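Laboratory data are not the source of any read-out in this text; all were calculated from the coordinates shown. Neighbour counts run over all protein chains shown; Cβ positions are idealised from the backbone, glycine included.
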Amino acid sequence: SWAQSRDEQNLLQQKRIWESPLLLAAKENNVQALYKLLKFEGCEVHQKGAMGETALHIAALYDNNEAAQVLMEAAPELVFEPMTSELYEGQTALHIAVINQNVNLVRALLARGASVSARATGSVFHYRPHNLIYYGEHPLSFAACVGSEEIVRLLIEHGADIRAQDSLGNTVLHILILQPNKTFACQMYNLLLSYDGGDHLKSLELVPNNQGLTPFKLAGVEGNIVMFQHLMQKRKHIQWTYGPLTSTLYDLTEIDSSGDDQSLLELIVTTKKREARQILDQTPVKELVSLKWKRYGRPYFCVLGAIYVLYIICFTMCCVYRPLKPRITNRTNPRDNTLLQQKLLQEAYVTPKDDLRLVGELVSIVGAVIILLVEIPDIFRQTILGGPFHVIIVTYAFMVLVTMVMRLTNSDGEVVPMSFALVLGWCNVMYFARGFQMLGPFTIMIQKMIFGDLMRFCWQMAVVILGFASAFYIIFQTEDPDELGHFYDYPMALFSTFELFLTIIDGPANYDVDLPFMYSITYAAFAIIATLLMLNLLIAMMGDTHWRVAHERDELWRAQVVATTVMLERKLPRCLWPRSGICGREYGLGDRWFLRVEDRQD
Ligand SMILES: C[C@@H]1NC(=O)N[C@@H]1CCCCCC(=O)O
Ligand SMILES: [Ca+2]
């Protein structure tokens, strides 16, 4: 493995230090022994250790300034020498002195003129999980991360370019946000901005990542609240202060739209980082997504919801009435348990009532491709948060097409693909349960919250039985209802599935008869979903009062509503859903869009 190798190497290095008396005296800070080695013997002062390190690199590790100065006085060319090893390719004796915050050694190394642009591309320095710290590749970046402002100043005085990026395209400002001590990195963040070019052109806070992220945008994705709040200070202007009230104005530039992915909100909803979800609760953002949902967001979800309900309830209205004929085959006693009256008329134009189902069948097709026309071109440019609605809706429209392909071929098994589209269409409309109110001046958790989680179940339950009672009816609409007639007509198919949803009915079972291939599959999935919804509901009934974890269930649901709010903003045209905030083009303050927020203090 790779972990053992460096563990072998770190142990291998200490051996060469123990062997090489120069490296040993450099580690032990033996000034008397060093003068014996370099002056009375002429030992290899260019002695490369096991990590390709010089005696000065060792003296820089263990803060031995006396021994380190002996190596520099007797050999001043060791300063420029970097370590040649693969794990440490690039690190010089300056990076070590900056890491250990040895101000006098750094002052002495800059005195002899050490390169402040020495990039350290060693394998141990890469931004990888096995590496504990990630400080970058330049000695200035090492100084900012250790919090030594005195070293930072000394490096800038020697021309340390603050605009320098590492291999991952991160400037020194990006690296500070990734450090744990965000409380202390805020102070170090301002110190580097003071050395900026002072021009509107080429601002260091505007320099993007290799993945196209500025220090602002990265702080939101990384979930660094203190850096995000700090960065917000220079992104807002206070209009006025009227007693307690303070009407501030937020820039709202790198936090909205006008980009394929140039948008912080799209990054928060798609990240695998759980910490980043706390960003959209901040005081320039929690007002934004709330206004996007309160108007234009909440109504269009119900409009598209009612359309999708009428779409699915029509597809079922055409599924309940399908071609019916007796089995017209003497094969009713061969396999006597057989009891099918299979029916595929496959060409009937009997149109007193079939023209009504003919136009309905075309609605089921033109919408399924429309579902594909709004989902298939979206997969090319996938995270559920967010709901698996998108995954379930595309397979539904895939099933309607298969049922269409199962038609025009008269395949005996057109019940199998038509059944999967029934539950996939309905179970997708329980995804429409999220809505109503997400406002929260007071994040309210009481009896209202238990009642809130119970009504989603009633919505989830009523939807599930509609998708499965219609399914169970189709399966047994063909068979003979004299034996196992739990679903002989639609009102009894619902009442049976309703009863079976609560496990009161024994469940349709008959063993002297052979039942269709679909009943065992559908009822097995029915028992799992029906118990999970009852099991999931039992947690919400208790997970609301035992602790403030109701706020944890609440805040994740808001992120689901916010993730849906960003979903309704991509495919919808521009004539609807106007842009958030107010533009800055006459009145003159643009060319950005600003959000007006006023708060009160007590
Ligand atoms: C101690 C080792 N000896 C040495 O001369 N350089 C190494 C420094 C170790 C730093 C490893 C930083 C990391 O985990 O990436
Ligand atoms: Ca029973």
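Here are a few things to note about the model shown:
- Note on residue 332 and residue 128: the extension gain reaches 66.6 nm, defined as 0.36 nm multiplied by sequence separation minus the Cα-Cα distance.
- Sites listed here are trypsin sites (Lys or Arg not before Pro) in segment 178-219 whose DSSP assignment is loop and whose Cβ has at most 10 other Cβ atoms within 10 Å: 202.
- Considering only 502, 490, 462, the residue lying farthest towards the positive end of the dipole of segment 461-513 is 462, judged by Cα position with unit charges set on Cβ.
- Charge dipole of segment 316-390 about the Cα centre (unit charges at C-beta), most positive-ward option of 384, 350, 367: 350
- Charge dipole (debye, nearest 20) of the chain; +1 at Cβ of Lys and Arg, -1 at Cβ of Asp and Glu: 1160
- When +1 charges are put on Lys and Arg Cβ atoms and -1 charges on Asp and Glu Cβ atoms, the dipole computed for segment 1-282 relative to its Cα centre reaches about 360 debye.
- Projected label points at residue 483 and residue 201, each 7 Å from Cα along the beta carbon direction, are separated by 9.0 nanometres.
- Sparse packing (at most 16 other Cβ atoms within 10 Å of the Cβ) combined with a DSSP loop state is found for the following chymotrypsin sites (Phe, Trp or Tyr not before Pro) in segment 71-153: 80, 127.
- By the count of neighbouring beta-carbon atoms within 10 Å, fewest first, 48, 286 end up ordered 286, 48.
- Separation in nanometres of the label points that stand 7 Å from Cα toward Cβ, at residue 44 and residue 404: 7.7
- Length gained on full extension, residue 111 to residue 278: 55.4 nm, using 0.36 nm per residue less the C-alpha separation.
- q = 0.09, 0.10, 0.11 Å⁻¹: log10 I(q)/I(0) that the Debye formula gives for the chain, counting C-alpha atoms only: -0.89, -0.97, -1.07
- When only the Cβ of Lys, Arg, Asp and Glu is charged (+1, +1, -1, -1), the dipole of segment 457-602 relative to its Cα centre reaches about 1380 debye.
- Gap separating the Cα centres of segment 267-339 and segment 130-180, nearest whole Å: 49
- Around residue 238: net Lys/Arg minus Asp/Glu count, Cβ-Cβ under 15 Å: +2
- Computed E for residue 369/residue 80 - FRET, C-beta separation, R0 56 angstrom, nearest 0.05: 0.25
- Remark: 267, 345, 535 ranked as 535, 345, 267, counting other beta-carbon atoms within 10 Å and listing the fewest first.
- Calculated FRET efficiency for the pair residue 300/residue 412, C-beta based, R₀ 30 Å, to 0.05: 0.10
- Backbone geometry of segment 511-521 corresponds, through the Karplus equation with coefficients 6.51, -1.76 and 1.60 at θ = phi - 60°, to 3J(HN,Hα) couplings of 10, 6, 10, 9, 8, x, 4, 7, 4, 5, 6 Hz, x marking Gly and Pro.
- Solvent-free Debye scattering, log10 I(q)/I(0), computed from the Cα coordinates of segment 389-444 at q = 0.15, 0.29, 0.30 Å⁻¹: -0.53, -1.06, -1.10
- Cross-link partners of residue 234 among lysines (Cα-Cα below 19 Å; sequence separation of 8 or more within a chain): 182, 202, 217, 286
- Full-extension gain in nm, residue 454 to residue 542, via 0.36 nm per residue minus C-alpha separation: 30.6 nm
- Note, ³J(HN,Hα) from phi for segment 95-103, Karplus 6.51, -1.76, 1.60, rounded to Hz, x at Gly and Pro: 4, 5, 5, 6, 5, 6, 6, 7, 5
- Remark: 597, 463 ranked as 597, 463, counting other beta-carbon atoms within 10 Å and listing the fewest first.
- Partners for residue 353 among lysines (Cα-Cα distance below 22 Å; same-chain residues under 8 apart left out): 325, 343
- Taking θ as phi - 60° and the Karplus parameters 6.51, -1.76 and 1.60, the scalar couplings of segment 319-327 work out to 7, 5, 10, 10, x, 10, 8, x, 5 Hz in sequence order, x denoting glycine and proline.
- Chymotrypsin sites (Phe, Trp or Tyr not before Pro) within segment 485-532, DSSP loop, no more than 16 other Cβ atoms inside 10 Å: 511
- A dipole drawn for the chain from +1 and -1 charges on Cβ atoms has a positive end, and of 305, 68, 10 the residue lying farthest that way is 305.
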